[PDB]
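Chemist:
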Amino acid sequence: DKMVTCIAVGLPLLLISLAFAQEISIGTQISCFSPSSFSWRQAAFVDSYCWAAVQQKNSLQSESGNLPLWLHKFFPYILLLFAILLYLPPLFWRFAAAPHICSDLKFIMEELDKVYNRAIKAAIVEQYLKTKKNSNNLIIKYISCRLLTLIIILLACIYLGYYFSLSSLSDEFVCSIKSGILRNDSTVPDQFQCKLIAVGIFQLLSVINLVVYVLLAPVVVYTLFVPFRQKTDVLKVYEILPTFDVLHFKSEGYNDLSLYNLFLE
Amino acid sequence: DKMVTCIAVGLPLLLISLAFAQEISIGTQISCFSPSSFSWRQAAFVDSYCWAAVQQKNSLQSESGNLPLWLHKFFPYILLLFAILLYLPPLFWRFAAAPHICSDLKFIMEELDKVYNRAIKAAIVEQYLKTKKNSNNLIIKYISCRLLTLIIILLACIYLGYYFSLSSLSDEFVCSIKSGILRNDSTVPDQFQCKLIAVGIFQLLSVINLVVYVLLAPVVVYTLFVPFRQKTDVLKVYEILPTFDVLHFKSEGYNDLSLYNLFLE
Amino acid sequence: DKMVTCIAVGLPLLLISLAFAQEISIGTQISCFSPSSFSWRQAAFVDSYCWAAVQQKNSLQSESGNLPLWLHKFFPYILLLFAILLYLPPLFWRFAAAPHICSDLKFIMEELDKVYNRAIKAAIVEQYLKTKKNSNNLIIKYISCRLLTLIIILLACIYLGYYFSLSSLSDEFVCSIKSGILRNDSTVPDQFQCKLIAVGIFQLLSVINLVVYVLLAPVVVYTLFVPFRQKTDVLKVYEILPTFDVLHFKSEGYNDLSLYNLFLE
Amino acid sequence: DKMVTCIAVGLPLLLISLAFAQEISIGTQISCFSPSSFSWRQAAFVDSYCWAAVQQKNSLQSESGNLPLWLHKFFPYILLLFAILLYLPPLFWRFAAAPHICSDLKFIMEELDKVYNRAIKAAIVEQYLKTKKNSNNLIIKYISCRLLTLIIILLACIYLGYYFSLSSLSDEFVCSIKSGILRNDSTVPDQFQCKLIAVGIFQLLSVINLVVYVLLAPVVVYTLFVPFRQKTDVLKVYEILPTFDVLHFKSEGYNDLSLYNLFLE
Amino acid sequence: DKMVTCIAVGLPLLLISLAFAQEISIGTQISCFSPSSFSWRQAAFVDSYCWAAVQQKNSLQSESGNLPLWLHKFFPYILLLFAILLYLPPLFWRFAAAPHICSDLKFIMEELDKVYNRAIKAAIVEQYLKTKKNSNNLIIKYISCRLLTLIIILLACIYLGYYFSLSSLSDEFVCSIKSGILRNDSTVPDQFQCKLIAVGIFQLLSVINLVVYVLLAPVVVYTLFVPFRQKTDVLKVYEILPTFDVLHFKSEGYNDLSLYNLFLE
Amino acid sequence: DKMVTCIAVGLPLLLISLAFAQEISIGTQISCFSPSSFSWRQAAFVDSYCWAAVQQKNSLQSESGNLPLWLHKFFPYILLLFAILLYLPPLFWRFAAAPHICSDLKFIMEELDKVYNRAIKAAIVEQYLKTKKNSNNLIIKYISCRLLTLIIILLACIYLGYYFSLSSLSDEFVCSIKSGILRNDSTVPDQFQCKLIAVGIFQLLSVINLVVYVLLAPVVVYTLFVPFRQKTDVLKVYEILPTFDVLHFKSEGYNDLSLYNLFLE
Amino acid sequence: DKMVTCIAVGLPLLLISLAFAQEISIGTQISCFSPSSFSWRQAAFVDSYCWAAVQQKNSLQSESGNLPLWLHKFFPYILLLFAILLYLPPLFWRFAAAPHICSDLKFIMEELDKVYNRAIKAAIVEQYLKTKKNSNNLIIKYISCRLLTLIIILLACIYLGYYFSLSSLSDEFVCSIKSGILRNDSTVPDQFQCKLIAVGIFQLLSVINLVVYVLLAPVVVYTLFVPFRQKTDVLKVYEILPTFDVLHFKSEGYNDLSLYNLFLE
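Chains as they are written, first to last, in the deposited numbering: chain G, 35 to 157, 195 to 336; chain A, 35 to 157, 195 to 336; chain B, 35 to 157, 195 to 336; chain C, 35 to 157, 195 to 336; chain D, 35 to 157, 195 to 336; chain F, 35 to 157, 195 to 336; chain E, 35 to 157, 195 to 336.
1) Determine which residues of the region 285 to 298 of chain F have a Cβ less than 9 Å from any Cβ of chain E, and write them out in chain order.
2) Helix, strand or coil: how does DSSP classify C/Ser-236 here?
3) What is the DSSP secondary structure of D/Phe-263, reduced to helix, strand or coil?
4) Tell me which residues share the same chain as F/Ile-50 and place their Cβ nearer than 7 Å to its Cβ, disregarding the 5 neighbours each side in the sequence.
5) Taking Cβ-Cβ distances below 7 Å as the criterion, which residues of the region 52 to 76 of chain D are in contact with chain E?
6) For chain E, is any of its Cβ atoms less than 8 Å away from the one on D/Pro-133?
7) Just reading off the alpha helix (DSSP H) that B/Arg-128 is part of, what are its end residues?
8) F/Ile-64 by DSSP, collapsed to three states: which one?
9) Using the C-alpha atoms, what's the distance from D/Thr-62 back to G/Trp-74?
10) Given A/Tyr-150, which residues of its chain have a CB within under 7 Å of its CB, disregarding the five upstream and five downstream residues?
11) Please report the residue range of the alpha helix (DSSP H) in which A/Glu-57 lies.
12) Name the chain B residues that come within less than 7 Å of A/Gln-89, Cβ to Cβ?
13) Would D/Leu-200 be called buried (16 or more neighbouring beta carbons within 10 Å of its own) or exposed?
14) List the residues of chain D that E/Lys-249 touches, going by C-beta distances under 9 Å, in chain order.
15) Short of 9 Å Cβ to Cβ, which residues in the region 137 to 153 of chain C face chain D?
16) Does F/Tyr-331 pass the burial test, meaning 16 or more other C-beta atoms within 10 Å, or should it be called exposed?
17) Quick check on the DSSP output: the alpha helix (DSSP H) that includes residue 182 of chain D runs from which residue to which?
18) Considering only C-alpha positions, which residue in the set F/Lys-249, F/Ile-195, F/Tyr-284 is nearest to F/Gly-44?
19) Could you tell me whether any Cβ in chain G is nearer than 8 Å to the Cβ of A/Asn-332?
20) What number of angstroms, rounded off, separates the C-alpha of D/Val-196 from the C-alpha of D/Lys-307?
21) I need the straight-line Cα distance from D/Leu-52 to A/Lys-266, nearest angstrom please.
22) Please report the residue range of the alpha helix (DSSP H) in which A/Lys-201 lies.
23) Below 7 Å on C-beta distance, what does G/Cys-40 contact in chain J?
24) Spatial neighbours of E/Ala-132 within its chain, please: CB distance less than 7 Å, with the 5 preceding and 5 following residues excluded, ordered by chain position.
25) Looking only at C-alpha atoms, which of G/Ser-68, G/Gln-95, G/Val-80, G/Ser-82 sits nearest to F/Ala-77?
26) Specify, as a first and last residue, the run of the alpha helix (DSSP H) that C/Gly-271 falls within.
27) Could you work out which residues of chain D lie near C/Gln-262, taking near to mean beta carbons separated by less than 9 Å?
28) In angstroms with no decimal places, state the Cα-to-Cα distance between F/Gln-95 and G/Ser-277.
29) Starting from B/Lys-266, find everything on chain A with Cβ-Cβ shorter than 9 Å and list it in chain order.
30) Using the C-alpha atoms, what's the distance from E/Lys-107 back to E/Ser-93?
31) Nearest to B/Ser-322 by alpha carbon, out of B/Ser-239, B/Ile-142, B/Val-259?
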């Protein structure tokens, strides 16, 4: 499991730590330029207004190119989703395949202690391969949780890949106070080309989540092709190669890996 | 239980984490526009006044359409209720059906070890189906706690569904200081069309709670129709299908899932 | 105990969590309107003065109707009392009836294992009903701690019920600085009709504590009338129905709930 | 011990929680009225000066009536003392009588298991009343720690009782900056009738500590008069009634409280 | 040990809690009076300068009487030392006498179980008084750690006793900015008679540490004179009275304190 | 393992603690010089703008020499990577070689207890050197995780070595507000030669990470040359010297290191 | 070990607590004197500039005497190093001598239980002194970690000893804004003789670390001269005196320290 669970534990934890590293250096999020201390609380009001009138005006006030993109106000808010959607199919395996594979773990531990007392009497296990010869289409439910994550990883390497072509000059947006003008239509300056503060490290942290998950998307497929390279097809390996690894994974003893020493000597 | 308790544990925890994610980015809640630094503490007083004169004036000062809606000042305050009302029927099951099903768990574990020593002597359990043949109308009390949650989930997908048709322009409300005018009737500007800061992420977080619970409301009903598809009606299954799952849920051994291996070989 | 202790544990914890939810959104408590930045520290002094001259002036400066009500400055301060006064008779039961009922729990566990070895020899308990036939007026001390809570719950549904008829316009109070005038009698504006900030959510959170405890006051009485409906009066049930529940509450075995299976088959 | 240790554990913890509840709502402590923003840091300096020139000027600058009372700057500072002075004689009992009463607890547990094996042989304890017949004047050291607390409780109901007659108008004190005048004797306004902010809740929290400890001072004496009402005087009960309770307090068994069942049947 | 370790554990913990109680109410430490808002950052600079030019100017700028006293800037800083210097000789006992007295504790526990099996055979210990008859001058190393603390306690009751005669008017000190004048020699006002904020509670908390340690200095000597009153001198008691207490301190049994019951009956 | 794991545990923890020590003294990060209080919120806006227009302008506004270096805004952000890239090959060893070496640890513990019972019978192990004589090319996978870290350590001593030649005057950068000018092209001063605050301790903390890792890069190679100095080449030692250390590393007994005592006597 | 490990545990912990005590009272670190509120953000910029232009200007702007001393900006930053460099040779002992001395601890515990069963049979150990008679030059590696710390302690008493002769007037430094002048060469005042705030307690806390480590440097050497005073030289004691202490250090029994009682009687 380590070849899969190492990734499935470390990399969502990598993403939540990489979100929390940006959460260290928040401070504020936008800094609006009020007309050079014509007030102080009107400055905070303009800041709040433009921080909430990012998305509701669907007309052309930003004009930097395809402004319906919500000005990426949501990278912790999206990154938490993209962490938990990778975290969850491990929980689905743990809540749909873990007790059955735990009973099968007891079965294969009974197989190895039956091998041990067979060697004791030598100083039946051959029927257990018949117990794992059968149809057993339920193991493909277990392999789905790996391949379901690989869909979300693939679109993660697409969604962040949109962000770099996006972020040329998708920060310096103009913002009006138009209902604020519609208070009076009288005195307030009409628009304030404010600036988001986080676009500099939203970009150069979306390098790291992208290029790591680029360096990992073929790696999960490599676990799924050892079933192709081990003498039987993917519709036959389900009780062998998901069992051949786990037999040596949990526990062995003084006869398991001393078979081949005694097989060679 | 995992097909139900997975949802019943994760999804209220999902909702409290999704409330705490908004609790990260609070800052302030309203930003009132005082007349361009004619004071600083009058600005904070106008902010406080309008943040508490949201609901008490039942007259038409907002006029954006059906202003008796309390301007949704309560989404953590409502979301905590909608989390605990889903959390509580699990506690009602745990405080009304858990010791009786624990004694029944000891009974079915005695059934499986009686099967085990029956196989030992083969190297009485048939009366236990008569023990679960009887009337036992108390198991419908256990199935009520699932279906009680599905009522609250259904109205959760209605209450949030009101919010999106609500939130067209139900933020930019005018607010007067009228008792504040009734201090003097003299000098203060008469109304301040302030703006709530949280309407931008109250909307686009009520997507996520809605569409997930939309994607889950038929799923709980699927657990309640396996009783329809298993040879006896819902007024007969109560001691079979709430027992057929739990027999394999808690613990098995070297004879339970090796029955069918020995039944086939 | 679960039919009582579920309420007695959850609902004071409900009230302390419901107080802490208001403790999340404190910020400040009053916002006094100083004369439009004629100072900044005089504004904070007027705020502090009026926040402490709420109650000490017993004369008519508020005039909104029966101003000796302390302007409800104490809802966490009162709600903590109304939580601990419901928490404490469980502690009084635990410090006056728990070791005696623990010894009686050992006695009834001896009764059930005597039933078990009686069935073993069948493959004296009849004297124990004589041990619980006697006068035993001390069990009414145990039933007092339930009914003492129901007094405090009843006045809780009265005290909060005063608050809604109270809170029509019992916020906008006028406040003078009269000893502050008696510093000089010269220059300071004479009164400031300030405004408490918490009256909007003190009201609509006293809905929830009221209507839940309205939905719970008859429920505790239902536990006290099963003694009426079980063949003997309230001055006879004390060693039967406080013992009939606890025999099945703590632990049973393979003979207790298999009596009726063997009684029917 | 529960009739004493319940009070001795809960009520000092009550007082430290009741101090921490005021520690929640500190904010600031005094708010001095500088001359209407003639500075900002001179305002904080006047605030600090008057907050430290409360007590050092023993002359008549407050004139509200017997101003040597330190203007009660110390209610957490005094309340911590009045909590730990009630907490400490339990520690004195635990460090002067607990190992000896633990050995006596082993002795009386040997007495009850000797009763148990006496009933086993029936299917010497009479000498142990001679072991507790003797002079044993050291048990009066144990009863002193109860009565030492009752002295501190009695003066606690006197010291707080001074505070309510004190606090008529012992807040609005005049404060000069006289060494501050003695800097220059030139320009600063000569006195500032500042105001402590905490006098409103120092009063109406000294209700609760008073009236609870009023409701508890006769209750501790009731434990000391059961020795008067149990057939022997206070200079004879010391090895009976401090032992009659503890025999049933720690542990009993299937023969102790089944004596009277077998004594009656 | 309780007659010593009760003090040695509680009273340094008393002093660190009594320092932390002042650490609750820090706020700031000095408040310098800049010339009535002639700046704001010059006010903070004057505050910082005078808070660091307390001690470095050894000339007469304070003139309140013997100004080389560092204006007591160090009461948490000194009180931590006076707590740890009392804490440390317990650690010196624990690191120089605890394993040897633990082996002696095993020896005296062997003495009492040898007494127990001597009573069993009655139904050699007399040589052990010869084992503790010898010279053993190393026990005076153990008694030094008590008397070393009593030196530090005695000077603690002297050092705080200096502070009350000190603190008449050793707060209102004049402070110049002379190198600050030596920037320009031009415009800044030449001296600022600032005021430390903590002198009011540094005084009336040095009551409590003084009068408690006054009430404790003869008490430690009382433990050292029970060796004088127990039939042998201080150069003979070292293996008797440091052993007579510990024999009953750790553990006894059904024969130790039932000796005198059987000795009397 | 201690000769490697001591470094591999302490030194990434050294780097994260050395990053957190700079995280103690953050305060702010840049301090832009607005035109001498021509506003306050324009000052914060200029600060935010220049803190995010560090990298996006790739033209010559800094001109201090090769300004595409991102002005080292990322030393915690880079140092976390350089800590976890050294932390991770220990995890790769733990997830790829730890269970196999744990089974081999059980094998060599069986070898030493076989030696022990061989000495018991003296009052087969010679075949185990044949079990570790074989080809076993998988141990070179274990030695890769040491040498993979030494690549990252080597470039760490290069990347920090760039920083000292970098940081001559790569702090005082000019920053314009050009889109801010492109708001109006009217009134705002055109550029602000701001200054990063952290360049003084980014330099003199990159001493410590450099010179320690300079003092450690040859040390890891010394572990890899004991295989050269122990009678067999690196393609033969893999089952001897990775086993000769671990035999004495985990546990020995009364015969292992008493071999040579009995071999010499 | 207590004579060494007491120091090696307490005194680096003393230094980290003594650094954290200064970390309590940080506030700010420098307070620059801008020209008397000619701005507010220019004041913070001058403060930041001079706090980072301490060290980079190597020319004569401070002129207080040998200004290349970095104005001691690093006392927590240096004190952490001087704590961990004393902490680390205990870890080097624990990772280079602790398992070997643990096996030797098992060997000497086997020696004492062999003495115990030798006394049992009396109701071979003489060969073990031959086992510790041999060459064993590896124990000098263990004594190096004590003497390596004594080098760092000695230079600690030199480095702090530089600081007191340093700190006469090495605080009041002049600071220009010269690149800040090189923005304009026009209007800003040219230099600001600012002042570090921490020089007053950096001095009088470097008393305590100095004079304690002065009082400890000969004490570690005293442990290294008991090998000189115990009948064999330093090149012979290595298996006796590092073993004579540890035999009584860990555990003894009823025969070890009762040897001399039975040797004398």
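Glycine residues also receive a C-beta, built at the ideal position from the N, C-alpha and C atoms.
Modeler: Looking at the coordinates:
1) none
2) helix
3) strand
4) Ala-117
5) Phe-72, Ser-73, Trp-74, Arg-75, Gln-76
6) yes
7) 109 to 130
8) strand
9) 27 Å
10) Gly-324, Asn-326
11) 36 to 58
12) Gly-271
13) exposed
14) The contacting residues do not exist; E/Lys-249 stays about 17 Å from chain D at best.
15) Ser-137, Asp-138, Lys-140, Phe-141, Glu-144
16) exposed
17) Coordinates for residue 182 of chain D are simply not present: the residues of chain D run from 157 and resume at 195.
18) F/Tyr-284
19) yes
20) 20 Å
21) 48 Å
22) 199 to 202
23) As a matter of chain content, chain J is missing from the structure shown, whose protein chains are G, A, B, C, D, F and E.
24) none
25) G/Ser-68
26) 270 to 274
27) Those within 9 Å of C/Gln-262 in chain D number zero; the least Cβ separation is about 16 Å.
28) 26 Å
29) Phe-79, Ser-82, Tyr-83, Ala-86, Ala-87, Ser-250, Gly-251
30) 18 Å
31) B/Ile-142
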